[PDB]
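Structure file protein24.csv (CSV, C-alpha atoms and all ligand atoms) follows.
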chain,number,residue,atom,x,y,z
A,1,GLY,CA,84.8,89.1,110.8
A,2,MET,CA,88.1,89.8,109.0
A,3,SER,CA,90.8,87.2,109.6
A,4,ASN,CA,93.6,88.4,111.9
A,5,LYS,CA,95.9,87.0,109.3
A,6,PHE,CA,95.3,90.3,107.4
A,7,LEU,CA,96.7,92.3,110.2
A,8,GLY,CA,100.3,93.6,109.7
A,9,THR,CA,102.6,95.4,107.4
A,10,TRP,CA,102.7,94.3,103.7
A,11,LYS,CA,105.2,95.1,101.0
A,12,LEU,CA,104.4,95.0,97.3
A,13,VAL,CA,106.5,92.3,95.5
A,14,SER,CA,104.7,92.1,92.2
A,15,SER,CA,102.3,94.2,90.0
A,16,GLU,CA,100.7,93.1,86.8
A,17,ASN,CA,98.7,95.4,84.5
A,18,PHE,CA,98.7,98.3,86.9
A,19,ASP,CA,99.4,100.8,84.0
A,20,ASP,CA,96.2,99.9,82.1
A,21,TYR,CA,94.3,99.9,85.5
A,22,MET,CA,95.5,103.4,86.1
A,23,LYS,CA,94.6,104.4,82.6
A,24,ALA,CA,91.1,103.1,83.1
A,25,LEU,CA,90.8,105.3,86.2
A,26,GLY,CA,91.8,108.3,84.1
A,27,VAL,CA,95.3,108.7,85.6
A,28,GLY,CA,97.6,110.9,83.5
A,29,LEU,CA,100.9,109.8,82.0
A,30,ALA,CA,103.4,111.4,84.5
A,31,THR,CA,101.4,110.1,87.4
A,32,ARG,CA,101.2,106.6,85.9
A,33,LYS,CA,105.0,106.6,85.4
A,34,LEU,CA,105.6,107.2,89.1
A,35,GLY,CA,102.7,104.9,90.1
A,36,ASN,CA,104.4,102.1,88.1
A,37,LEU,CA,107.7,102.7,89.9
A,38,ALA,CA,106.1,102.7,93.4
A,39,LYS,CA,106.4,99.8,95.7
A,40,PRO,CA,104.1,100.7,98.5
A,41,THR,CA,103.8,99.3,102.0
A,42,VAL,CA,100.2,98.6,103.1
A,43,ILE,CA,99.5,98.5,106.8
A,44,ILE,CA,96.3,96.8,108.0
A,45,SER,CA,95.1,97.1,111.6
A,46,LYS,CA,92.0,96.8,113.8
A,47,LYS,CA,90.6,99.2,116.4
A,48,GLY,CA,87.5,97.7,117.9
A,49,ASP,CA,85.2,97.3,114.9
A,50,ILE,CA,87.2,99.9,112.9
A,51,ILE,CA,89.7,98.7,110.3
A,52,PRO,CA,92.4,101.2,109.2
A,53,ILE,CA,94.3,100.5,106.0
A,54,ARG,CA,97.3,102.8,105.5
A,55,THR,CA,99.3,102.9,102.2
A,56,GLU,CA,102.8,104.3,102.3
A,57,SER,CA,105.1,105.2,99.3
A,58,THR,CA,107.5,107.9,98.4
A,59,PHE,CA,105.1,109.2,95.8
A,60,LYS,CA,101.8,109.1,97.8
A,61,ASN,CA,100.4,108.0,101.1
A,62,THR,CA,96.8,107.2,101.7
A,63,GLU,CA,94.7,106.1,104.7
A,64,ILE,CA,91.2,104.8,105.1
A,65,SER,CA,89.3,103.6,108.1
A,66,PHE,CA,86.0,101.8,107.9
A,67,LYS,CA,83.5,99.4,109.5
A,68,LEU,CA,82.5,96.5,107.4
A,69,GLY,CA,79.4,97.1,105.3
A,70,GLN,CA,79.2,100.8,106.1
A,71,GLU,CA,79.7,103.4,103.3
A,72,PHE,CA,82.4,105.9,103.9
A,73,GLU,CA,84.1,108.9,102.2
A,74,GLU,CA,87.5,108.0,100.7
A,75,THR,CA,90.2,110.1,99.0
A,76,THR,CA,92.2,107.8,96.7
A,77,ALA,CA,95.9,107.9,95.8
A,78,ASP,CA,95.0,109.6,92.5
A,79,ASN,CA,92.8,112.1,94.4
A,80,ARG,CA,89.3,110.7,93.5
A,81,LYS,CA,86.7,111.5,96.1
A,82,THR,CA,84.7,108.3,96.3
A,83,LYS,CA,82.0,106.8,98.3
A,84,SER,CA,83.3,103.4,99.3
A,85,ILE,CA,82.2,100.2,101.0
A,86,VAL,CA,84.2,97.2,102.2
A,87,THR,CA,82.6,93.8,102.6
A,88,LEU,CA,83.7,90.4,103.5
A,89,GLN,CA,83.0,87.5,101.1
A,90,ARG,CA,84.5,84.0,101.6
A,91,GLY,CA,87.4,85.5,103.6
A,92,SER,CA,88.1,88.1,100.9
A,93,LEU,CA,88.1,91.8,101.8
A,94,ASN,CA,86.3,93.5,99.0
A,95,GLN,CA,86.4,97.3,98.5
A,96,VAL,CA,84.1,99.1,96.0
A,97,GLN,CA,84.7,102.8,95.2
A,98,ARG,CA,82.0,104.8,93.5
A,99,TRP,CA,82.3,108.3,92.0
A,100,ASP,CA,80.9,110.2,89.1
A,101,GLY,CA,78.7,107.3,88.1
A,102,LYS,CA,81.7,105.0,87.8
A,103,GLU,CA,82.9,102.2,90.0
A,104,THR,CA,86.1,100.1,90.7
A,105,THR,CA,86.6,97.2,93.0
A,106,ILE,CA,89.7,96.2,94.9
A,107,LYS,CA,89.5,92.6,96.3
A,108,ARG,CA,92.2,91.6,98.8
A,109,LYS,CA,92.6,87.9,99.8
A,110,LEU,CA,95.2,85.7,101.5
A,111,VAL,CA,97.0,83.1,99.4
A,112,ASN,CA,99.7,80.9,100.9
A,113,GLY,CA,100.5,83.7,103.4
A,114,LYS,CA,100.7,86.4,100.7
A,115,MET,CA,98.1,89.1,100.2
A,116,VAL,CA,96.8,89.4,96.7
A,117,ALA,CA,95.0,92.5,95.6
A,118,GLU,CA,92.8,92.3,92.4
A,119,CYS,CA,91.9,95.7,91.0
A,120,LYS,CA,89.1,95.9,88.4
A,121,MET,CA,87.9,98.9,86.3
A,122,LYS,CA,85.9,98.6,83.1
A,123,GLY,CA,87.0,95.0,82.4
A,124,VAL,CA,90.6,95.8,83.1
A,125,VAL,CA,92.1,93.6,85.8
A,126,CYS,CA,95.3,94.3,87.7
A,127,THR,CA,96.9,91.9,90.2
A,128,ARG,CA,99.2,93.1,93.0
A,129,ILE,CA,100.9,90.7,95.4
A,130,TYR,CA,102.2,91.6,98.8
A,131,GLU,CA,104.6,89.9,101.2
A,132,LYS,CA,104.2,90.2,105.0
A,133,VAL,CA,107.2,92.0,106.6
B,1,LIG,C1,98.5,102.5,96.0
B,1,LIG,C2,99.5,103.1,95.1
B,1,LIG,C3,100.1,104.4,95.9
B,1,LIG,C4,101.0,105.3,95.0
B,1,LIG,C5,101.1,104.9,93.6
B,1,LIG,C6,99.8,105.2,92.8
B,1,LIG,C7,99.9,106.5,92.0
B,1,LIG,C8,98.8,107.2,91.6
B,1,LIG,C9,97.4,106.7,92.0
B,1,LIG,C10,96.9,105.7,90.9
B,1,LIG,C11,96.6,104.4,91.6
B,1,LIG,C12,95.3,104.5,92.4
B,1,LIG,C13,94.8,103.1,92.7
B,1,LIG,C14,95.7,102.4,93.7
B,1,LIG,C15,95.1,101.0,93.9
B,1,LIG,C16,96.1,100.3,94.9
B,1,LIG,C17,95.6,98.9,95.2
B,1,LIG,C18,96.6,98.2,96.2
B,1,LIG,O1,97.6,97.7,95.7
B,1,LIG,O2,96.4,98.2,97.4
Represent the supplied structure as structure tokens.
Amino acid sequence: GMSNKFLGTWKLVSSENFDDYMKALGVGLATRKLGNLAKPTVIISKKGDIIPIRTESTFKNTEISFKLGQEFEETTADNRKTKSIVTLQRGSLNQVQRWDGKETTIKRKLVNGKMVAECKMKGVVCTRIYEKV
């Protein structure tokens, strides 16, 4: 299952290409400006076979909880209503969100103790790096 090394509180320390990623999602200008200024905290925990992931920022908070491989309803930070699935692939926690015939993937993996999130939407790739705190 998911490595226990994922468990904990993570703080964003770097974000590359988030603006174009948000544009690809259809996020408006004012929202993107605040999104680009946000430095969220991401909290990953485990309750039995349920995995909650909570995101906290001054602008927006989100929370999802899921079992691996089981589709669930998700409300995203930009208020998309998606059907989502999280899978585990070579130690990577891979989230796919589907809505209105579109899809985006968020892949989270551990790299030298940091958590690296890769966000992909229509060929646009955003990389966000988190430190454990
Ligand atoms: C996660 C960002 C929370 C608040 C800032 C975002 C503002 C508007 C929503 C547009 C971004 C929606 C996609 C967020 C993907 C975050 C992936 C991650 O770093 O965990």
Would you tabulate, counting all atoms listed in the file, all residues of chain A that have an atom at most 10 Å from an atom of ligand LIG 1 (chain B), showing the closest pair of atoms and their distance in Å to one decimal, sorted by chain then ascending number, as CSV?
residue,atom,partner,partner_atom,distance
A:10,CA,B:LIG1,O2,9.7
A:11,CA,B:LIG1,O1,9.6
A:12,CA,B:LIG1,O1,7.5
A:14,CA,B:LIG1,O1,9.7
A:15,CA,B:LIG1,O1,8.2
A:18,CA,B:LIG1,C11,8.0
A:19,CA,B:LIG1,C10,8.8
A:21,CA,B:LIG1,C13,7.9
A:22,CA,B:LIG1,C10,5.5
A:23,CA,B:LIG1,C10,8.7
A:25,CA,B:LIG1,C12,7.7
A:26,CA,B:LIG1,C10,8.9
A:27,CA,B:LIG1,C10,6.3
A:28,CA,B:LIG1,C8,9.0
A:30,CA,B:LIG1,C8,9.4
A:31,CA,B:LIG1,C8,5.7
A:32,CA,B:LIG1,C8,6.2
A:33,CA,B:LIG1,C7,8.3
A:34,CA,B:LIG1,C7,6.4
A:35,CA,B:LIG1,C7,3.7
A:36,CA,B:LIG1,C5,7.0
A:37,CA,B:LIG1,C5,7.9
A:38,CA,B:LIG1,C5,5.5
A:39,CA,B:LIG1,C5,7.6
A:40,CA,B:LIG1,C3,6.0
A:41,CA,B:LIG1,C1,8.6
A:42,CA,B:LIG1,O2,6.9
A:43,CA,B:LIG1,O2,9.9
A:53,CA,B:LIG1,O2,9.1
A:54,CA,B:LIG1,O2,9.4
A:55,CA,B:LIG1,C1,6.3
A:56,CA,B:LIG1,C3,6.9
A:57,CA,B:LIG1,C4,5.9
A:58,CA,B:LIG1,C4,7.8
A:59,CA,B:LIG1,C4,5.7
A:60,CA,B:LIG1,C4,4.8
A:61,CA,B:LIG1,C3,6.3
A:62,CA,B:LIG1,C3,7.2
A:76,CA,B:LIG1,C12,6.2
A:77,CA,B:LIG1,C9,4.3
A:78,CA,B:LIG1,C9,3.8
A:79,CA,B:LIG1,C9,7.5
A:80,CA,B:LIG1,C12,8.7
A:95,CA,B:LIG1,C17,9.9
A:104,CA,B:LIG1,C13,9.4
A:105,CA,B:LIG1,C15,9.4
A:106,CA,B:LIG1,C17,6.5
A:107,CA,B:LIG1,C17,8.8
A:108,CA,B:LIG1,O2,7.9
A:115,CA,B:LIG1,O2,9.7
A:116,CA,B:LIG1,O1,8.4
A:117,CA,B:LIG1,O1,5.8
A:118,CA,B:LIG1,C17,7.7
A:119,CA,B:LIG1,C17,6.4
A:120,CA,B:LIG1,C15,9.6
A:126,CA,B:LIG1,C17,8.8
A:127,CA,B:LIG1,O1,8.0
A:128,CA,B:LIG1,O1,5.6
A:129,CA,B:LIG1,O1,7.7
A:130,CA,B:LIG1,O1,8.2
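Between atom CA of residue 7 of chain A and atom CA of residue 124 of chain A the interatomic distance comes to 28.0 Å.
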**Message:** I'd like the interatomic distance between atom CA of residue 67 of chain A and atom CA of residue 49 of chain A, to a tenth of an Å.
**Reply:** 6.0 Å
Output segment 38-72 of chain A with N, CA and C atoms present, as a PDB file, keeping the file's coordinate frame.
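After the write, rebuild-v4.pdb holds the following:
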ATOM      1  N   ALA A  38     106.368 102.826  91.964  1.00  0.00           N
ATOM      2  CA  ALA A  38     106.100 102.700  93.400  1.00  0.00           C
ATOM      3  C   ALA A  38     106.043 101.304  93.869  1.00  0.00           C
ATOM      4  N   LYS A  39     106.565 101.062  95.064  1.00  0.00           N
ATOM      5  CA  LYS A  39     106.400  99.800  95.700  1.00  0.00           C
ATOM      6  C   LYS A  39     105.924  99.981  97.114  1.00  0.00           C
ATOM      7  N   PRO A  40     104.607 100.202  97.229  1.00  0.00           N
ATOM      8  CA  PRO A  40     104.100 100.700  98.500  1.00  0.00           C
ATOM      9  C   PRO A  40     104.085  99.622  99.603  1.00  0.00           C
ATOM     10  N   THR A  41     104.034 100.133 100.821  1.00  0.00           N
ATOM     11  CA  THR A  41     103.800  99.300 102.000  1.00  0.00           C
ATOM     12  C   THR A  41     102.336  99.561 102.406  1.00  0.00           C
ATOM     13  N   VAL A  42     101.636  98.476 102.704  1.00  0.00           N
ATOM     14  CA  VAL A  42     100.200  98.600 103.100  1.00  0.00           C
ATOM     15  C   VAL A  42     100.138  98.008 104.545  1.00  0.00           C
ATOM     16  N   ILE A  43      99.563  98.817 105.433  1.00  0.00           N
ATOM     17  CA  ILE A  43      99.500  98.500 106.800  1.00  0.00           C
ATOM     18  C   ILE A  43      97.998  98.327 107.234  1.00  0.00           C
ATOM     19  N   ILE A  44      97.617  97.113 107.600  1.00  0.00           N
ATOM     20  CA  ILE A  44      96.300  96.800 108.000  1.00  0.00           C
ATOM     21  C   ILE A  44      96.216  96.593 109.495  1.00  0.00           C
ATOM     22  N   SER A  45      95.307  97.281 110.171  1.00  0.00           N
ATOM     23  CA  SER A  45      95.100  97.100 111.600  1.00  0.00           C
ATOM     24  C   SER A  45      93.676  97.089 111.977  1.00  0.00           C
ATOM     25  N   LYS A  46      93.407  96.938 113.269  1.00  0.00           N
ATOM     26  CA  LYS A  46      92.000  96.800 113.800  1.00  0.00           C
ATOM     27  C   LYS A  46      91.939  97.595 115.086  1.00  0.00           C
ATOM     28  N   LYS A  47      90.936  98.458 115.181  1.00  0.00           N
ATOM     29  CA  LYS A  47      90.600  99.200 116.400  1.00  0.00           C
ATOM     30  C   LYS A  47      89.169  99.015 116.744  1.00  0.00           C
ATOM     31  N   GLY A  48      88.861  98.072 117.626  1.00  0.00           N
ATOM     32  CA  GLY A  48      87.500  97.700 117.900  1.00  0.00           C
ATOM     33  C   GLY A  48      86.888  97.137 116.607  1.00  0.00           C
ATOM     34  N   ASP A  49      85.807  97.734 116.112  1.00  0.00           N
ATOM     35  CA  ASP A  49      85.200  97.300 114.900  1.00  0.00           C
ATOM     36  C   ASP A  49      85.589  98.177 113.697  1.00  0.00           C
ATOM     37  N   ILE A  50      86.592  99.023 113.918  1.00  0.00           N
ATOM     38  CA  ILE A  50      87.200  99.900 112.900  1.00  0.00           C
ATOM     39  C   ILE A  50      88.424  99.224 112.285  1.00  0.00           C
ATOM     40  N   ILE A  51      88.522  99.225 110.959  1.00  0.00           N
ATOM     41  CA  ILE A  51      89.700  98.700 110.300  1.00  0.00           C
ATOM     42  C   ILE A  51      90.398  99.765 109.488  1.00  0.00           C
ATOM     43  N   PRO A  52      91.540 100.234 110.014  1.00  0.00           N
ATOM     44  CA  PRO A  52      92.400 101.200 109.200  1.00  0.00           C
ATOM     45  C   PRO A  52      93.264 100.443 108.230  1.00  0.00           C
ATOM     46  N   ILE A  53      93.339 100.980 107.019  1.00  0.00           N
ATOM     47  CA  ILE A  53      94.300 100.500 106.000  1.00  0.00           C
ATOM     48  C   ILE A  53      95.101 101.728 105.560  1.00  0.00           C
ATOM     49  N   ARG A  54      96.395 101.709 105.844  1.00  0.00           N
ATOM     50  CA  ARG A  54      97.300 102.800 105.500  1.00  0.00           C
ATOM     51  C   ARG A  54      98.246 102.327 104.361  1.00  0.00           C
ATOM     52  N   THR A  55      98.379 103.139 103.318  1.00  0.00           N
ATOM     53  CA  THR A  55      99.300 102.900 102.200  1.00  0.00           C
ATOM     54  C   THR A  55     100.439 103.910 102.250  1.00  0.00           C
ATOM     55  N   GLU A  56     101.686 103.448 102.240  1.00  0.00           N
ATOM     56  CA  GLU A  56     102.800 104.300 102.300  1.00  0.00           C
ATOM     57  C   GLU A  56     103.738 104.121 101.064  1.00  0.00           C
ATOM     58  N   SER A  57     104.074 105.216 100.393  1.00  0.00           N
ATOM     59  CA  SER A  57     105.100 105.200  99.300  1.00  0.00           C
ATOM     60  C   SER A  57     105.694 106.563  99.241  1.00  0.00           C
ATOM     61  N   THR A  58     106.862 106.630  98.621  1.00  0.00           N
ATOM     62  CA  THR A  58     107.500 107.900  98.400  1.00  0.00           C
ATOM     63  C   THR A  58     106.655 108.888  97.660  1.00  0.00           C
ATOM     64  N   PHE A  59     105.930 108.384  96.667  1.00  0.00           N
ATOM     65  CA  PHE A  59     105.100 109.200  95.800  1.00  0.00           C
ATOM     66  C   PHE A  59     103.829 109.721  96.578  1.00  0.00           C
ATOM     67  N   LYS A  60     103.048 108.782  97.111  1.00  0.00           N
ATOM     68  CA  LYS A  60     101.800 109.100  97.800  1.00  0.00           C
ATOM     69  C   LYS A  60     101.533 108.216  98.980  1.00  0.00           C
ATOM     70  N   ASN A  61     100.933 108.805 100.010  1.00  0.00           N
ATOM     71  CA  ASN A  61     100.400 108.000 101.100  1.00  0.00           C
ATOM     72  C   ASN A  61      98.896 108.154 101.126  1.00  0.00           C
ATOM     73  N   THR A  62      98.215 107.102 101.554  1.00  0.00           N
ATOM     74  CA  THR A  62      96.800 107.200 101.700  1.00  0.00           C
ATOM     75  C   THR A  62      96.396 106.485 103.018  1.00  0.00           C
ATOM     76  N   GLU A  63      95.215 106.806 103.524  1.00  0.00           N
ATOM     77  CA  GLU A  63      94.700 106.100 104.700  1.00  0.00           C
ATOM     78  C   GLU A  63      93.169 106.073 104.619  1.00  0.00           C
ATOM     79  N   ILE A  64      92.605 104.906 104.892  1.00  0.00           N
ATOM     80  CA  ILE A  64      91.200 104.800 105.100  1.00  0.00           C
ATOM     81  C   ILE A  64      90.921 104.064 106.374  1.00  0.00           C
ATOM     82  N   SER A  65      89.762 104.316 106.963  1.00  0.00           N
ATOM     83  CA  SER A  65      89.300 103.600 108.100  1.00  0.00           C
ATOM     84  C   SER A  65      87.816 103.387 107.989  1.00  0.00           C
ATOM     85  N   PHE A  66      87.351 102.175 108.240  1.00  0.00           N
ATOM     86  CA  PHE A  66      86.000 101.800 107.900  1.00  0.00           C
ATOM     87  C   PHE A  66      85.471 100.702 108.832  1.00  0.00           C
ATOM     88  N   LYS A  67      84.150 100.599 108.903  1.00  0.00           N
ATOM     89  CA  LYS A  67      83.500  99.400 109.500  1.00  0.00           C
ATOM     90  C   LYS A  67      82.941  98.633 108.321  1.00  0.00           C
ATOM     91  N   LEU A  68      83.001  97.308 108.423  1.00  0.00           N
ATOM     92  CA  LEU A  68      82.500  96.500 107.400  1.00  0.00           C
ATOM     93  C   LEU A  68      81.028  96.840 107.039  1.00  0.00           C
ATOM     94  N   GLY A  69      80.749  96.980 105.749  1.00  0.00           N
ATOM     95  CA  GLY A  69      79.400  97.100 105.300  1.00  0.00           C
ATOM     96  C   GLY A  69      78.831  98.539 105.408  1.00  0.00           C
ATOM     97  N   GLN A  70      79.632  99.477 105.909  1.00  0.00           N
ATOM     98  CA  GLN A  70      79.200 100.800 106.100  1.00  0.00           C
ATOM     99  C   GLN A  70      79.886 101.805 105.181  1.00  0.00           C
ATOM    100  N   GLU A  71      79.109 102.502 104.361  1.00  0.00           N
ATOM    101  CA  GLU A  71      79.700 103.400 103.300  1.00  0.00           C
ATOM    102  C   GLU A  71      80.444 104.496 104.004  1.00  0.00           C
ATOM    103  N   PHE A  72      81.578 104.857 103.411  1.00  0.00           N
ATOM    104  CA  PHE A  72      82.400 105.900 103.900  1.00  0.00           C
ATOM    105  C   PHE A  72      82.991 106.783 102.814  1.00  0.00           C
TER     106      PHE A  72
END
